[PDB]
Amino acid sequence: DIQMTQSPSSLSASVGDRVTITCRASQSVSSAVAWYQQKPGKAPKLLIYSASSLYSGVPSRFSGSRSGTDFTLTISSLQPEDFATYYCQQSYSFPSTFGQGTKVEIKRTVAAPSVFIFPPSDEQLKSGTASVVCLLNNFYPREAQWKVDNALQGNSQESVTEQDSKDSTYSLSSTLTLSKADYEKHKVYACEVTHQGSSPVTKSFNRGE
Amino acid sequence: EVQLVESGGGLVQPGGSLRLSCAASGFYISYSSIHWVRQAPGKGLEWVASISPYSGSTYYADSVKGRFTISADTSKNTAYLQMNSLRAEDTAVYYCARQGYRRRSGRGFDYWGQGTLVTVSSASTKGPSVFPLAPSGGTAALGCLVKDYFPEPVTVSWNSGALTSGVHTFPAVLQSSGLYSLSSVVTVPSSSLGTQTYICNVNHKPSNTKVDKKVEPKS
RNA sequence: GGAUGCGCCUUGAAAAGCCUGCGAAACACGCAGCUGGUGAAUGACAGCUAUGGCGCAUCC
Ligand SMILES: [Mg+2]
Ligand SMILES: [Mg+2]
């Protein structure tokens with residue numbers, strides 16, 4: 001069984017940059033190595049075959065190189081259309097195996113999130129449950145607590161979007177879940193957000209409206 | 001010109017079975033190796049199985065040997081993956097792929113199907129409950145909460161697809177309860193809250209559900 | 001599809017085995033000739049033909 005260890009796992013860069021991705025086979029694979037590009041929700045596309053040959057129709061910015069058991073994919077200068085996840089693959093022996101991927105993201109300037117808070121709808125309230133949602137809109141980079149009367153941390157789950165195609169920012173939601181009992185028992189619902197943008201901003205409502 | 005169109009995905013209980021199909025166009029499968037590749041949600045590509053031309057020799061990943069069988073009906077120009085005694089970790093988008101012609105692309109996989117989603121879970125097909133996210137600088141946010149549906153996927157639009165700018169639909173996350181939940185939001189001029197109606201359209205094809213929900217300021 | 005021309009490919013290595021090129025071809029199956037080189041078991045080839053396959057151009 002042959003392993004393909006791919007680095008880096010992630011990378012932020014800008015248009016015009018040279019990007020290099022490496023993949024190291026644990027045993028000889030004799031340049032039976034291919035590289036693929038995959039955008040979110042889409043099938044992978046072949047870029048390089050036989051370690052160093054350009055697949056018919058992909059731009060010449062893409063190149064591949066082998067040094068023994070070390071394989072390198074190079075993009076000469078990044079274009080906006082080149083941000084995506086890339087994968088190496090060995091097909092010397094069965095089973096075939098893939099590298100774990102490199103996510104190429106676009107670098108941009110820091111941007112603080114705009115925060116919003118939403119109370120549970122009445123239709124959900126009469127249902128039995130009450131969920132409170134906090135939105136972090138159009139921020140960068142990705143890194144980013146609930147208080148119901150200064151009670152740190154029901155539990156909550158967050159979801160985050162991929163980089164916006166237009167302005168390269170992220171958005172994030174955190175949804176807090178309680179029973180209808182515990183919803184109608186404490187005064188203020190506050191979402192406090194901490195980011196690389198100034199001082200911990202907090203947003204809140206109290207069920208009286 | 002060359003195309004692979006997969007079908008046969010869906011929801012199955014652990015221990016169950018499922019047959020995926022891969023319909024080829026623009027070439028004859030008998031002259032190529034056909035592969036199946038897997039991508040668990042948020043995870044990398046994992047090779048699953050392949051079948052060789054002329055001999056019909058088949059090959060399988062360790063994770064899968066003895067449970068999956070790859071085959072092909074040349075008269076239908078279609079390859080198949082029979083998946084038996086399924087496990088939760090078999091949940092993934094399953095891709096068909098053609099190994100290209102040796103002289104033209106070596107052993108690279110030059111054409112891929114669109115992918116079909118297979119989810120292995122005890123939970124049962126359930127439509128979602130869609131709840132307004134009421135609004136209230138000069139722009140306002142509002143949205144729709146899409147809770148407790150199974151399995152993936154659900155699609156969300158706004159005003160029958162007429163509202164696009166500023167929309168963010170977050171990826172579904174699996175709550176402890178074993179069902180999915182996801183919010184879709186949009187930012188709009190607050191000045192337009194009294195004069196423009198905002199409805200989110202939520203389609204869940206697994207349950208054949210289609211919902212329209214108007215989002216309004218609350219009194 | 002037929003006529004004409006071009007480009008790439010149509011393997012090297014021999015008994016077996018192993019490795020490599022090719023045939024729509026990782027396994028199984030199949031792969032012409034001559035010269036020179038090489039082989040006290042060694043891929044190590046170079047040149048020129050033959051045959052066929054694909055592609056391009058051009059005529060019907
Ligand atoms: Mg010869
Ligand atoms: Mg020769």
Side-chain angles (χ1 to χ4, degrees), chain A residues 1-4 6 23-36 43-58 60 63-71 73 87-99, chain B residues 1-6 21-38 45-82 95-113:
Chain A
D1 196 278
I2 305 197
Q3 296 143 82
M4 300 294 277
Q6 180 171 352
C23 188
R24 162 178 283 90
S26 55
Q27 327 177 5
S28 189
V29 288
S30 176
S31 90
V33 170
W35 294 88
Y36 304 85
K45 292 183 142 48
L46 180 64
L47 307 165
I48 301 298
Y49 65 94
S50 292
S52 56
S53 308
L54 201 58
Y55 179 58
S56 147
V58 351
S60 34
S63 66
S65 148
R66 168 195 180 191
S67 199
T69 70
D70 272 21
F71 299 85
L73 170 74
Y87 292 99
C88 56
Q89 182 205 14
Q90 73 84 15
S91 296
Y92 185 66
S93 321
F94 293 104
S96 183
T97 45
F98 287 87
Chain B
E1 214 261 320
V2 169
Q3 254 215 318
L4 303 165
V5 173
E6 314 171 38
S21 58
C22 180
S25 287
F27 74 106
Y28 190 33
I29 65 180
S30 287
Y31 309 138
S32 310
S33 291
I34 307 290
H35 297 252
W36 288 92
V37 175
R38 261 205 311 221
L45 308 164
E46 185 191 8
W47 184 84
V48 172
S50 76
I51 186 166
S52 302
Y54 304 106
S55 64
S57 297
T58 57
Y59 303 83
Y60 299 93
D62 283 311
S63 172
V64 127
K65 215 170 307 211
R67 304 189 293 125
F68 291 18
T69 70
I70 179 167
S71 70
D73 183 330
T74 57
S75 85
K76 303 285 283 253
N77 203 29
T78 289
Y80 303 102
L81 190 67
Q82 178 68 38
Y95 291 99
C96 195
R98 179 186 88 162
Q99 187 180 320
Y101 298 109
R102 170 210 278 130
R103 180 99 72 59
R104 177 184 108 93
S105 52
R107 283 167 197 182
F109 295 4
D110 59 350
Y111 287 91
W112 293 68

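All heavy atoms count here, side chains included; hydrogens, waters and symmetry mates do not. Convention: sequence-line order gives letters A, B, ...; per-chain numbering from 1.
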Student: Applying side chain to side chain contact (heavy atoms under 4.5 Å, CB included), name anything that partners A/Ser65, two or more places apart in sequence or on another chain.
Tutor: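 A/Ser65 satisfies side chain to side chain contact (heavy atoms under 4.5 Å, CB included) with A/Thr72 only.
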
Student: Could you work out the separation of C/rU20 and C/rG52 based on their P atoms and round it to a whole Å?
Tutor: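 About 30 Å, rounded to a whole number of Å.
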
Student: Taking atom P in both C/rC31 and C/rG36, compute the distance separating them and give it to the nearest angstrom.
Tutor: 26 Å

Student: Reading the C1'-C2'-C3'-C4' torsion of C/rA24, is its sugar north or south?
Tutor: south

Student: Do B/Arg98 and B/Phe27 form a cation-pi contact, if we require the NZ or CZ to be under 6.0 Å from the six-membered ring centre and within 45 degrees of the ring's axis?
Tutor: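 Yes, cation above the ring, under 6.0 Å and within 45°.
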
Student: Pick north or south for the sugar of C/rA28; the rule is positive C1'-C2'-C3'-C4' for north, negative for south.
Tutor: north

Student: Under a 3.5 Å cutoff on both atom distances, Watson-Crick or G-U, what's the dot-bracket for RNA chain C ([ ] crossing, | other strand)?
Tutor: ((.((((((........(..(((.....)))[[[[[......).]]]]]..)))))).))

Student: Sequence neighbours excluded, which residues qualify as salt bridge (charged side-chain N to carboxylate O under 4.0 Å, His left out) partners of B/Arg103?
Tutor: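 Not a single residue meets the salt bridge (charged side-chain N to carboxylate O under 4.0 Å, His left out) criterion with B/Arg103.
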
Student: Just how far, in rounded Å, is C1' of C/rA26 from OH of B/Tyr101?
Tutor: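 It works out to 17 Å between those atoms.
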
Student: Report the distance from atom CZ of B/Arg104 to atom P of C/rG23, rounded to the nearest whole Å.
Tutor: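 Rounding to the nearest Å, CZ of B/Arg104 and P of C/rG23 are 14 Å apart.
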
Student: Whole angstroms only, please: what is the OH-P distance between B/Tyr31 and C/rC54?
Tutor: 11 Å

Student: With rounding to whole Å, what would you report as the distance between C/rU51 and C/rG30 at their P atoms?
Tutor: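 These two P atoms come out 24 Å apart once rounded.
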
Student: Side-chain donor-acceptor pairs under 3.5 Å in residues 56-67 of chain B, sequence neighbours left out?
Tutor:
unit_1  : atom_1 : unit_2  : atom_2 : d
B/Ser57 : OG     : B/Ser55 : OG     : 3.1
B/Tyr60 : OH     : B/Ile70 : N      : 2.9
B/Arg67 : NH1    : B/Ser85 : O      : 3.0
B/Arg67 : NH1    : B/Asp90 : OD2    : 2.8
B/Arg67 : NH2    : B/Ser63 : O      : 3.0
B/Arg67 : NH2    : B/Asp90 : OD1    : 3.0
B/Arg67 : NH2    : B/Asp90 : OD2    : 3.4

Student: Using the test side chain to side chain contact (heavy atoms under 4.5 Å, CB included), find all partners of A/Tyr49 that sit at least two apart in sequence or belong to another chain.
Tutor: A/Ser53, A/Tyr55, B/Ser105

Student: Which residues pass the side chain to side chain contact (heavy atoms under 4.5 Å, CB included) test with B/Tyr31, not counting sequence neighbours?
Tutor: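 By the side chain to side chain contact (heavy atoms under 4.5 Å, CB included) rule, B/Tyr31 matches B/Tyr28, B/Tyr54.
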
Student: Using the P atom in both, what is the distance from C/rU49 to C/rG7, to the nearest Å?
Tutor: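 Rounded to whole Å, the distance is 12 Å.
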
Student: In terms of ring plane angle, is the pair B/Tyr95 and B/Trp112 parallel, tilted or perpendicular, where the classes change at 30° and 60°?
Tutor: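 Judged by the thresholds at 30° and 60°, the geometry between B/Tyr95 and B/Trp112 is perpendicular.
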
Student: Could you tell me whether the side chains of A/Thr97 and A/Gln3 share a donor-acceptor contact shorter than 3.5 Å?
Tutor: no

Student: With rounding to whole Å, what would you report as the distance between C/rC22 and C/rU11 at their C1' atoms?
Tutor: 6 Å

Student: Applying salt bridge (charged side-chain N to carboxylate O under 4.0 Å, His left out), name anything that partners A/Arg24, two or more places apart in sequence or on another chain.
Tutor: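 If we apply the salt bridge (charged side-chain N to carboxylate O under 4.0 Å, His left out) test to A/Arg24, skipping adjacent residues, the hits are A/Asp70.
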
Student: Taking only N/O atoms, report every protein-nucleotides 6-9 of chain C pair under 3.5 Å with atom names and distance.
Tutor:
unit_1 : atom_1 : unit_2   : atom_2 : d
C/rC9  : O2'    : B/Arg103 : NH2    : 2.3

Student: Rounded to the nearest Å, what distance is computed from the OH atom of residue B/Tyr60 to the P atom of nucleotide C/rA26?
Tutor: 17 Å

Student: Do the six-membered rings of C/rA15 and C/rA16 pass both checks: centres under 5.5 Å apart and planes under 30 degrees?
Tutor: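 Base stacking for C/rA15 and C/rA16: confirmed.
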
Student: Does A/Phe94 stack onto the base of C/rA26, taking stacking as ring centres under 5.5 Å apart and planes under 30° apart?
Tutor: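 Stacked: centres under 5.5 Å apart, planes under 30°.
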
Student: Residues in salt bridge (charged side-chain N to carboxylate O under 4.0 Å, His left out) with A/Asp1, at least two apart?
Tutor: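 Salt bridge (charged side-chain N to carboxylate O under 4.0 Å, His left out) list for A/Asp1, sorted by chain: empty.
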
Student: Go through the structure and list residues passing side chain to side chain donor-acceptor pair (under 3.5 Å) with B/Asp73, not counting sequence neighbours.
Tutor: B/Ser75

Student: Nearest-Å distance, CZ (B/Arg102) to P (C/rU10)?
Tutor: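 Roughly 11 Å, once rounded to whole Å.
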
Student: The criterion is side chain to side chain contact (heavy atoms under 4.5 Å, CB included); which residues satisfy it with B/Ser21, sequence neighbours excluded?
Tutor: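 Once residues adjacent in sequence are excluded, the partners of B/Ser21 under the side chain to side chain contact (heavy atoms under 4.5 Å, CB included) criterion are B/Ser7, B/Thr78, B/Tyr80.
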
Student: Once you round it to whole Å, what is the distance between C1' of C/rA26 and CH2 of B/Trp47?
Tutor: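 After rounding, the gap between these two atoms is 12 Å.
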
Student: Could you check if the base of C/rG12 is syn or anti? Syn means the glycosidic torsion is within 90 degrees of 0.
Tutor: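 For C/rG12, whose glycosidic angle is more than 90° from 0, the conformation is anti.
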
Student: Pucker class of C/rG12 from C1'-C2'-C3'-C4', north or south?
Tutor: north

Student: Which class fits the ring pair B/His35 and B/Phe109: parallel under 30°, tilted 30 to 60°, perpendicular over 60°?
Tutor: tilted

Student: Does A/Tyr92 reach a base, just sugar-phosphate, or nothing at all? Heavy atoms under 4.0 Å.
Tutor: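 Since a base atom lies under 4.0 Å of A/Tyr92, the category is base.
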
Student: Take atom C1' in C/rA25 and the same atom in C/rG47, then report the distance between them in whole Å.
Tutor: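 Here C/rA25 and C/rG47 have their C1' atoms 30 Å from each other.
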
Student: Between C/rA41 and C/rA24, how far apart are the P atoms? Round to whole Å, please.
Tutor: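 Their P atoms lie roughly 39 Å apart.
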
Student: Sign of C1'-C2'-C3'-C4' at C/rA13: does that make it north or south?
Tutor: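 Pucker of C/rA13: south.
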
Student: Sticking with atom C1', work out how far C/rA14 lies from C/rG39, rounded to a whole angstrom.
Tutor: 8 Å

Student: Using a heavy-atom cut-off of under 4.0 Å over every strand shown, decide if A/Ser91 touches base, sugar-phosphate, or nothing.
Tutor: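 Here A/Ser91 touches the bases of the nucleic acid.
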
Student: Can you check nucleotides 27-31 of chain C for protein contacts, nitrogen or oxygen pairs under 3.5 Å, and list what you find?
Tutor:
unit_1 : atom_1 : unit_2  : atom_2 : d
C/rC27 : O2     : B/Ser55 : OG     : 3.1
C/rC27 : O2     : B/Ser57 : OG     : 2.5
C/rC27 : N3     : B/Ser55 : OG     : 2.5
C/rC27 : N4     : B/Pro53 : O      : 3.1

